[PDB]
**Student:** 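Below you will find the structure I want to go over with you.
Throughout, a chain's letter reflects where its sequence line sits, starting with A, and its residues are numbered from 1. Ligands are counted one by one from 1 in listed order, and the atoms in each one are counted from 1 as well. These values consider heavy atoms only, across backbone and side chains, with no hydrogens, waters or symmetry-generated copies.
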Amino acid sequence: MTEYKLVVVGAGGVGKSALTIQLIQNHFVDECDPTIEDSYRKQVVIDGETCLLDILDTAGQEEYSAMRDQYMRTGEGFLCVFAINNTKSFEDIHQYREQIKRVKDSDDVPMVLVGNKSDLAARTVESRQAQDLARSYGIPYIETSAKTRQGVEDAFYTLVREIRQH
Amino acid sequence: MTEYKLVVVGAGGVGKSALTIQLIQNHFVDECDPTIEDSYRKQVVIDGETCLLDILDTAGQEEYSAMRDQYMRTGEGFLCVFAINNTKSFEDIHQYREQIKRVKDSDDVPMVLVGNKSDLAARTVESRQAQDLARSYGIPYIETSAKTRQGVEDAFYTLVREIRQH
Amino acid sequence: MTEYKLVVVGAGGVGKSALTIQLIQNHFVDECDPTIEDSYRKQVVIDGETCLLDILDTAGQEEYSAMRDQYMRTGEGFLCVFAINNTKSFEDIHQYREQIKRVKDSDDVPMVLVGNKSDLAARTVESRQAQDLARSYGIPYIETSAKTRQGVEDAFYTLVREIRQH
Ligand SMILES: Nc1nc2c(ncn2[C@@H]2O[C@H](COP(=O)(O)OP(=O)(O)NP(=O)(O)O)[C@@H](O)[C@H]2O)c(=O)[nH]1
Ligand SMILES: Nc1nc2c(ncn2[C@@H]2O[C@H](COP(=O)(O)OP(=O)(O)NP(=O)(O)O)[C@@H](O)[C@H]2O)c(=O)[nH]1
Ligand SMILES: Nc1nc2c(ncn2[C@@H]2O[C@H](COP(=O)(O)OP(=O)(O)NP(=O)(O)O)[C@@H](O)[C@H]2O)c(=O)[nH]1
Ligand SMILES: *CC(=O)N(C)CCN(C)c1ccc([N+](=O)[O-])c2nonc12
Ligand SMILES: *CC(=O)N(C)CCN(C)c1ccc([N+](=O)[O-])c2nonc12
Ligand SMILES: *CC(=O)N(C)CCN(C)c1ccc([N+](=O)[O-])c2nonc12
Ligand SMILES: [Mg+2]
Ligand SMILES: [Mg+2]
Ligand SMILES: [Mg+2]
Ligand SMILES: [Mg+2]
Ligand SMILES: [Mg+2]
Ligand SMILES: [Mg+2]
Ligand SMILES: [Mg+2]
Ligand SMILES: [Mg+2]
Ligand SMILES: [Mg+2]
Ligand SMILES: [Mg+2]
Ligand SMILES: [Mg+2]
Ligand SMILES: [Mg+2]
Ligand SMILES: [Mg+2]
């Protein structure tokens, strides 16, 4: 069947692992996954196509990795994640994007901008701020909560839908 | 007379000590109180009741304490302080609240959200952002300046008024 | 001819050196100038006056300097620079201003507030936030991009125009 290789990136603590686990295992982890990389697989039907999603969950740049860029090199599409209550994580997105563009040696890589932790009220990144950033990249902006599940499927499926346009 | 045990918490440098000293001693300290805990008492009439306010001034989580949580355990109400020119301090509030909820073993603790340094123009937390957070907690939001005294009495007296509802 | 002594200050990474090089050498440096101080000169006609601009490019407070304040002491006007995608750099402005006021031993020093990196879409300091800060200081706010050249001449020439009022 059709395999889609997705990679999740973004600043430490934004909820990359929580999002991925919510998608795959349908529960919210309130704890912090100490791993720097992990891999997941989900067989799912997306718009009438039976798909195998291979998802590489990476750690934030704050942590040293084994083979980060080599692992990332294999990705077909990227979720670029920040948290809506963490302004620095939003500001950091541009460096994550630059890293992707370098590692894929292309300025035209399928991507979705994801504002996570939408269940929290201490919001410091307003939706319209994130919409501007996504517009500058020519990509969609989607908000998620790994806690409540809001947007989680939207985010990953939207990324499959971006890959299918490229 | 009636004693109210108040605790001031929040990120380093937000003005917890300055606020407390303004309330008690009616002056503004432009310097940084190096202490990690200190205690104050003020006999005051609040809405026609003669009250003794006992106020524990704590340091931000960035500094190690002796008995922080044990000391905090004794509090009847908490001022959760951030500074309007310090977005991270606002983002940190939720962890302070979580610490309180743990230490009091309750999700229903009297609290007031306080945005300090309202005399400064480098504002990065807008009033309506802080109002949202306070609304999510079911508590009032009040802005203060330890420098000009704006709001300082409002903040502490409002907290006494919250304790009286619980 | 008339010499104007300008000093560029602000947080690390905001683009102080990039701005100065764009003005003097008409190109954008995508790399990071490792120096902690450097000096530039440009002979230019500003509003019909032949001027020599002497510009001291300083490093952010995060880096230790030789003679920072002594060097700064010699300045007639200051560009106080933050980046529009770096909320902390904006919050830091007030300390830069305080340092200037100390070193010049005056509360009436010619200054311009500069929001750099206006070519970037990950904006977290809105124009109206920066306009408030500049208004509190009684100084102009100008946005720049060292990359595209937008505003760069405006910023420096505006500062010459402030010095001429003092
Ligand atoms: N309230 C709330 N908390 C979340 C959400 N997503 C993640 N978190 C929390 O934020 C913390 C960090 O989440 P985690 O998924 O480990 O983040 P990470 O981005 O993978 N970190 P690393 O870069 O170190 O791998 C966890 O405590 C987790 O429960 C969310 O949508 N809502
Ligand atoms: N302009 C202004 N400055 C304030 C205000 N409140 C506190 N400050 C200043 O901010 C600095 C830190 O204040 P302080 O009260 O020591 O903060 P703190 O929260 O107690 N820090 P700690 O967590 O280390 O105990 C002091 O220089 C003080 O003068 C305010 O309302 N306005
Ligand atoms: N996109 C964009 N990048 C900029 C702009 N100005 C500076 N930069 C970038 O930001 C990085 C840091 O710039 P630099 O001028 O060295 O900053 P600085 O303020 O002098 N740093 P220091 O305090 O260490 O001297 C450089 O990579 C540079 O290319 C700008 O207007 N737009
Ligand atoms: C996932 C998360 O952010 N938390 C569970 C908050 C607490 N964290 C991160 C944390 C880290 C490390 C240690 N420790 O080494 O002892 C902690 N002890 O309590 N919380 C800890
Ligand atoms: C209260 C406050 O934030 N200040 C007075 C600003 C200066 N601070 C914090 C500060 C700290 C430590 C030292 N020092 O150890 O030498 C300082 N020297 O000048 N300002 C200092
Ligand atoms: C100017 C700038 O911010 N950059 C070029 C981004 C990369 N930076 C800052 C950077 C710093 C130091 C080192 N290093 O010591 O090896 C780097 N190696 O790649 N980028 C580096
Ligand atoms: Mg993780
Ligand atoms: Mg980690
Ligand atoms: Mg915008
Ligand atoms: Mg599109
Ligand atoms: Mg204190
Ligand atoms: Mg302290
Ligand atoms: Mg809101
Ligand atoms: Mg109420
Ligand atoms: Mg520089
Ligand atoms: Mg430097
Ligand atoms: Mg904002
Ligand atoms: Mg305003
Ligand atoms: Mg003027």
**Student:** Starting from atom 23 (O) of ligand 2, what is the nearest protein heavy atom, named by residue and atom, and what distance separates them?
**Tutor:** B:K16 NZ, 2.8 Å

**Student:** Where is the nearest protein heavy atom to atom 3 (N) of ligand 2: which residue, which atom, and how far?
**Tutor:** B:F28 CZ, 3.7 Å

**Student:** Checking side-chain polar atoms at under 3.5 Å, does C:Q129 have a donor or acceptor matched by the opposite partner on C:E126?
**Tutor:** no

**Student:** Tell me: protein heavy atom nearest atom 21 (N) of ligand 2, and distance?
**Tutor:** B:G13 N, 3.1 Å

**Student:** Give me the residue, atom name and distance of the protein heavy atom closest to atom 6 (N) of ligand 2.
**Tutor:** B:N116 ND2, 3.2 Å

**Student:** Does B:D47 pair with B:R161 as a salt bridge, N-O distance under 4.0 Å?
**Tutor:** yes

**Student:** Does a side-chain N-to-carboxylate-O contact under 4.0 Å join A:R123 and A:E143?
**Tutor:** yes

**Student:** Ligand 2 and B:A146, any nitrogen or oxygen pair closer than 3.5 angstrom?
**Tutor:** yes

**Student:** When you measure from the centre of the six-membered ring of B:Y137, is the NZ or CZ of B:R97 under 6.0 Å away and within 45° of the axis?
**Tutor:** yes

**Student:** Look at atom 1 (N) of ligand 2 and say which protein heavy atom is nearest, naming residue and atom and giving the distance to 0.1 Å.
**Tutor:** B:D119 OD2, 3.0 Å

**Student:** So, regarding B:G60 and ligand 2 (criterion: nitrogen or oxygen to nitrogen or oxygen, under 3.5 Å), is there a contact or not?
**Tutor:** yes

**Student:** Would A:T158 and A:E162 count as a side chain to side chain donor-acceptor pair (under 3.5 Å) if you check the C-alpha gap in whole Å, the side-chain angles of each, and the deciding distance to 0.1 Å?
**Tutor:** CA-CA 6 Å; A:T158 297; A:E162 293 296 300; over 6 Å; no

**Student:** Are any of the side-chain nitrogens in B:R41 or B:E3 under 4.0 Å away from the carboxylate oxygens of its partner?
**Tutor:** yes

**Student:** Run down the list B:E31, B:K147, B:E63 and name the one with the heavy atom closest to atom 26 (C) of ligand 2.
**Tutor:** B:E31

**Student:** Under 4.0 Å, heavy atoms only, figure out whether ligand 2 is touched by the backbone of B:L120, its side chain, both or neither.
**Tutor:** side chain

**Student:** Side chains of B:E91 and A:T124 only: does a donor on one sit below 3.5 Å from an acceptor on the other?
**Tutor:** yes

**Student:** Does B:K101 pair with B:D107 as a salt bridge, N-O distance under 4.0 Å?
**Tutor:** no

**Student:** What is the name of the N/O/S atom in A:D132 that sits closest to the Mg ion (ligand 9)?
**Tutor:** OD2

**Student:** Can you tell me which residue and heavy atom of the protein come closest to atom 17 (O) of ligand 2, and the distance to 0.1 Å?
**Tutor:** B:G15 N, 3.2 Å

**Student:** Of all the N, O or S atoms in C:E63, which has the shortest distance to the Mg ion (ligand 16)?
**Tutor:** OE2

**Student:** Could you tell me which atoms of ligand 2, counted from 1 in the order shown, lie closer than 4.0 angstrom to a heavy atom of B:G12?
**Tutor:** 23 (O)

**Student:** Is there a side-chain contact between B:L133 and B:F90 (heavy atoms, below 4.5 Å)?
**Tutor:** yes

**Student:** For atom 15 (O) of ligand 2, find the nearest protein heavy atom and state the residue, atom name and distance (0.1 Å precision).
**Tutor:** B:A18 N, 2.8 Å

**Student:** Would you find a donor on one side and an acceptor on the other, under 3.5 Å apart, between the side chain of B:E76 and the backbone of B:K5?
**Tutor:** yes

**Student:** Around atom 27 (O) of ligand 2, find the nearest protein heavy atom and jot down its residue, atom name and distance.
**Tutor:** B:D30 O, 2.9 Å

**Student:** As an exercise, identify every atom of ligand 2 less than 4.0 angstrom from a heavy atom of B:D33.
**Tutor:** 16 (O)

**Student:** Under a 4.0 Å threshold between the charged nitrogen and the carboxylate oxygen, would B:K16 count as salt-bridged to B:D57?
**Tutor:** no

**Student:** Please work out, at 4.0 Å between heavy atoms, whether the side chain, the backbone, both, or neither of B:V29 comes within that distance of ligand 2.
**Tutor:** backbone

**Student:** Taking atom CD1 of C:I55 and atom CD1 of C:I24, what is their separation to the nearest 0.5 Å?
**Tutor:** 4.0 Å

**Student:** To which of B:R149, B:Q61, B:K117 does the heavy atom nearest atom 8 (N) of ligand 2 belong?
**Tutor:** B:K117

**Student:** Any N or O on B:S17 sitting closer than 3.5 Å to an N or O of ligand 2?
**Tutor:** yes

